[PDB]
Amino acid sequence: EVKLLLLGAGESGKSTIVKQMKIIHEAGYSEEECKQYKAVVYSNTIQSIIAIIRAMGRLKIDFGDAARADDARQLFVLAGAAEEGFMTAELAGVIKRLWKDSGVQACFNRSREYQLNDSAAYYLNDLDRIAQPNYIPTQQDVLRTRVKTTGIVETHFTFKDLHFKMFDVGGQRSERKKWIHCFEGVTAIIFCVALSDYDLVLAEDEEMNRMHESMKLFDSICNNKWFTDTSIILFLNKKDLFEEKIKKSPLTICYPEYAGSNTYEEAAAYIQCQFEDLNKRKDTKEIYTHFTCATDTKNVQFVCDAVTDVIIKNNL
């Protein structure tokens, strides 16, 4: 019996790690299970293009082509279907024309100035596939869905002759009061951090830098004496998004004193050191840090294989 608890701020990747355990250890999502995520995929897609369209109003960005204004009108006329798990060719055409517009793209590339699902581009770039008749979400489509977690999710799987119970909680501010309900009998905490959060602000609070929020939570959890004997695993997640972002968005937005280059290795290491330095007991408390892409099954499989070996050695 091994109890794993996933913790971290909102949208850090916790529930995506959960989905990966099903894919890796329990043979993935069945066809009926994938069909259940169809409405979620469509809902995320519609919400993402709408979120960009909303931002254009706030940021005063015009459509590149004036013909798009009528498409934008038709979007809201037809959007109701997607929410119910249906995607007509007509709605798909509207979204596709909107997504390709240079004004919409300009707004998309300023997404740090508002709140946009990380999977927006993933779904929007794949419209021809997901709009097809009898579309059934792939494992990756399922991995890419976003639903804010409320309450506590408990999942089971077997791995290396061990029976794992994995607990997942919401990370947004409204849900943090529920974390304590999960504090008993924890073998290991997997604390997830979105590396790409460094230039974002909280959905709950536009004045709070997302990564500063994550640091405060990690500081709180890592140094809590209740967890002295609980293995602390740190997943620096969304490394794929971070790799792309670091090229174009200065890390100094988050850490004014960062003097390294705009490249993956130096910046990733610097963030790791920022979190690890929050550990007030470096000689007596180890943090097991891994860089992850939670949507990437192979990456998660090898990482969690390494993590599991640590957990076995240190708690068994």
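All residue numbers are counted from 1 along the displayed sequence.
According to the PDB record, 84-92 carries the higher mean C-alpha B-factor of the two stretches 172-180 and 84-92. Legend: mean Cα B-factor per stretch from the PDB entry, 291-299 versus 21-29; the higher mean is in 21-29. Per the deposited coordinates, the residue with the largest Cα temperature factor out of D62, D283, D70, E266 is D283. The PDB entry assigns the greatest CA B-factor among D240, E213, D197, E207 to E207. When all modelled residues of the chain are sorted by CA temperature factor, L202 is found within the highest third.
Placement of the Cα temperature factor of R144 within the chain: lowest third of the modelled residues, per the deposited record. Among the modelled residues of its chain, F108 has a C-alpha B-factor that falls in the lowest third, as given in the PDB entry. In the PDB entry, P137 places in the lowest third of its chain by CA B-factor.
Among the modelled residues of the chain, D161 sits in the highest third by CA temperature factor in this PDB entry.
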